């Protein structure tokens, strides 16, 4: 029997354009799809289905088989009510406290279960052709698709059974399902951990479904770092109150007057100045306030999460996740044949998966890059099975240094 699915009212199905794909990715998808057609997973469809959802080919960390990856960003928004406030999957707060988290692809699970016939149409997708030789090859799903948030929503109750024996036997283990993946965290020694996971893949294995190691407790701050130095220059002070100036607004108590008074009248930037004792009382005060969590800022579950990212050059990238601008939930850096787009890709994935472990939802990314470039290039490096939402921005001049 099929759990019938409803669209969020008045609004209706996704009609997203399909991106041009290169010949190799097209072939790989033709292959993949011919095969899942033979297995009854998808079916050719007719003109009379006006829906569409983009499709791409990716790789995934070590592998030489292409994977199919369908972008259901649209669809997921149009079904937010079904998968989120109707079949919601509760995020366990404990997950972030474990010493190790392993991520397992559980996506092959969904192909067991058939999809409510009156919903299949919303899953339409198209394999394009080159130079428009031929019409795309259109298809839709007969089963729960990878990448649609409804799939684990529905599959939830079978997943509970698969794991019941294993949960019973390791009650200090946290397993959380987000989209196509399982998150498993334990406080065990690294050997016993890799062992428990080995053991958990047999339970999975007995039911069809057939890796990735995170360390969340060892995720620590990115403190807005001010310099330590002998011989402070006019400029350095300017920079200093600059950075400091902006640290207040989010950091409660940051003060500058002492520091500020240092520079008075109209003097050369290179002029060296002596740092009066009262000034150092701020540096210090500031320094300590500056290493700590914010105070005032709490995850509100009803609000969207934002992430902004800045290029710091020589292969490093800073970022901040927040809900109200400035009210920082988390800040971080990411560091690295590796170009900008490749790097920006790695970071987006890494922030997204942290964000998944911590809040059980993914951020909308502000991306310091031209749409078109990003859109043409992102899949060469993408490996995740989900896709976060993103927009394109023009990193402010100063935001860069202040998080430097």
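Positions refer to the first chain, counted from 1. We call the rigid core the largest set of C-alpha positions that still match within 1.5 Å between the two forms.
Legend entry - Stretch with greater C-alpha deviation in 7 other deposited structures of this protein, 292 to 300 versus 117 to 125 (rigid core superposition): It is 292 to 300 whose C-alphas lie farther from the shown form in 7 other deposited structures of this protein.
Inset, instruction - Could you tell me which of the two stretches, 185 to 193 or 283 to 291, has its Cα atoms lying farther from the shown structure in 7 other deposited structures of this protein after fitting on the rigid core? - result: Larger mean C-alpha displacement, comparing 185 to 193 and 283 to 291 in 7 other deposited structures of this protein, is found in 283 to 291.
Inset, instruction - For residue 337, record whether it is unmodelled in at least a third of the other compared entries of this protein. - result: In at least a third of the comparable entries (those modelling both sides of it), residue 337 has no coordinates.
Legend entry - Third-or-more of other entries without residue 59: No, none of the compared structures omit it.
Legend entry - residue 210-residue 211 interval: deposited residues absent from the model: Missing in between: 10 or more residues.
Inset, instruction - With residue 336 and residue 337 adjacent in the shown sequence, let me know how many deposited residues between them lack coordinates: none, 1 to 3, 4 to 9, or 10 or more. - result: Gap between residue 336 and residue 337: 4 to 9 unmodelled residues.
Inset, instruction - Would you tell me which stretch averages the higher CA B-factor in the PDB entry, 132 to 140 or 212 to 220? - result: Here the higher of the two C-alpha B-factor means belongs to 212 to 220.
Inset, instruction - Using only the Cα atoms and their B-factors as the entry lists them, report which of 360 to 368 and 337 to 345 averages higher. - result: According to the entry, 337 to 345 carries the higher average C-alpha B-factor.
Inset, instruction - Tell me, please, which of 260, 200, 175, 75 has the highest C-alpha B factor according to the deposited entry? - result: The listed residue with the largest C-alpha B-factor is 260.
Legend entry - Highest recorded Cα temperature factor - choice among 103, 321, 204, 290: That would be 290.
Inset, instruction - Could you say whether, by C-alpha temperature factor, residue 123 belongs to the lowest, middle or highest third of its chain? - result: Ranked within chain, residue 123 CA B lands in the lowest tercile.
Legend entry - Ranked against its chain, the third holding the CA B-factor of residue 182: For residue 182, the deposited C-alpha B-factor lands in the lowest third.
Inset, instruction - Sort the modelled residues of this chain by their C-alpha B factor and say whether residue 62 lands in the lowest, middle or highest third. - result: Its C-alpha B-factor belongs to the highest third of this chain's values.
Legend entry - Third of the chain's Cα B-factor distribution that residue 94 belongs to, per the entry: Lowest third - that is where residue 94 ends up once the chain's C-alpha B-factors are sorted.
Legend entry - CA B-factor ranking of residue 252, expressed as a third of its chain: Answer is highest: the recorded C-alpha B-factor places it there.
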